[PDB]
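Quick heads-up: it's one chain on its own, the form deposited in one PDB entry, in structure tokens.
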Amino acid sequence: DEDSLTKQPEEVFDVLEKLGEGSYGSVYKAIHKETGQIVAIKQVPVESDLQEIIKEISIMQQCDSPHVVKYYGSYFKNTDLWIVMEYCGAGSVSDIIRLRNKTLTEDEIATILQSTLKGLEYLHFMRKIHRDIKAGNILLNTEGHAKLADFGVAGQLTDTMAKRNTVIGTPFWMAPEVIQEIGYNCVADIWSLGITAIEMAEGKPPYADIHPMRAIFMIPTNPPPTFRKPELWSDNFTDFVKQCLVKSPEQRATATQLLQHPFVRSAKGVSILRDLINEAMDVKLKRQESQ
């Protein structure tokens, strides 16, 4: 009766393994004991910038897209904030490359970036900049559907604010105009997508072995990066990356425009991700049999 209303979070959820780091704390697999539903929970201590966390939650709540991780709700556990989210059972593309010790095929990249671009097209229409687009922040569910994750550093455009000027992101992936003092908008995410395309192909971004703070100073001045071995890759993939990595943000393609690029327009269904998913989660299950 009245004993069901004050059940504490560690009584509602069965908390399992750490999945990785998020914006302002760690993320864990969990089961809703009642419904059997599986979820991800980011645990955030009270000494975090709680303004920014409410922003993240807010941006997630406003978004309703099969290409963006859903928000389910929040719980307090002592002073700790539990943020409860959609669980994607294959993990990040970063994890899947690491687990298999293999980069992705042109075909796998094409399909994943098409879903990623549909996410970006939704966000950009809703005047949201992600600002942290990389393989780390693109998730696959067991069915092979990609979802944008980690709105920790995301930015909002409004009637009175057509541009942001906050220098933020992960250096290697950050657009020149983000790094320079001038204001920027949604197409910053397209530059980051370009770097991510290279990251999935080659296993790391350009300048990956250089110091991050030396890279940030070079990106604005340097010509647009390209593949480490251009002759390995199709003309369509090479051109896709070239269209993403245009230095002038005014000239740079939109998510909508890039969805029509031959490399992406021609993309196969999620069925070509079946092997990639199965191998990854197999290597995961084997490594978990060291308990």
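For the two forms, the rigid core is made up of the largest set of C-alpha atoms that agree within 1.5 Å on superposition. Residue numbers run from 1 along the displayed sequence.
Q: Taking the other PDB entries of this protein that cover both neighbours, check whether residue 23 lacks coordinates in at least a third of them.
A: yes, residue 23 frequently unmodelled elsewhere, at least a third of entries.
Q: Which is higher on mean Cα B factor in this entry, 45-53 or 64-72?
A: The stretch with the larger mean CA B-factor is 45-53.
Q: With respect to the recorded C-alpha B factors, which stretch has the higher mean value, 12-20 or 279-287?
A: According to the PDB entry, the answer is 279-287.
Q: Maximum C-alpha temperature factor per the entry, among 185, 103, 160, 116, belongs to which one?
A: Max CA B-factor in the entry, restricted to 185, 103, 160, 116: 160.
Q: Name the residue from 181, 86, 199, 108 with the greatest C-alpha temperature factor listed in the entry.
A: Each of 181, 86, 199, 108 was compared by C-alpha B-factor; the highest is 181.
Q: Ranked by Cα temperature factor within the chain, is residue 82 in the lowest third, the middle third or the highest third?
A: Residue 82: CA B-factor falls in the middle third of its chain.
Q: Taking the chain's C-alpha temperature factors as the reference, tell me which third residue 35 falls into: lowest, middle or highest.
A: It belongs to the highest third of the chain when residues are ordered by C-alpha B-factor.
Q: Quick check on the deposited entry: does the C-alpha B-factor of residue 214 sit in the lowest, middle or highest third of its chain?
A: Ranked within chain, residue 214 CA B lands in the highest tercile.
Q: Looking at the entry's B-factor column for C-alpha atoms only, identify whether residue 143 ranks in the lowest, middle or highest third of its chain.
A: According to the entry, residue 143 has a C-alpha B-factor in the chain's highest third.
Q: Please place residue 242 in the lowest, middle or highest third of its chain by C-alpha B factor as given in the entry.
A: Tercile = middle for this residue's CA B-factor.
Omitted from view is the form deposited in another entry, to which the following refers.
Q: In a fit on the core, which one among 66, 45, 262, 224 has a Cα that moves 2 Å or more between this form and the one not shown?
A: Among the listed residues, the outlier is 45.
Q: Please check if residue 30 moves between this form and the one not shown, taking a CA shift of 2 Å or more relative to the superposed core as movement.
A: Yes, because once the rigid core is superposed, the C-alpha of residue 30 moves 2 Å or more between this form and the one not shown.
Q: Once the core is aligned, please say if the CA of residue 79 is shifted by at least 2 angstroms between this form and the one not shown.
A: Superposed on the core, residue 79 moves its C-alpha 2 Å or more between this form and the one not shown.
Q: Has the Cα of residue 252 moved 2 Å or more between this form and the one not shown, judged after a core fit?
A: Stays below the 2 Å threshold, so no.
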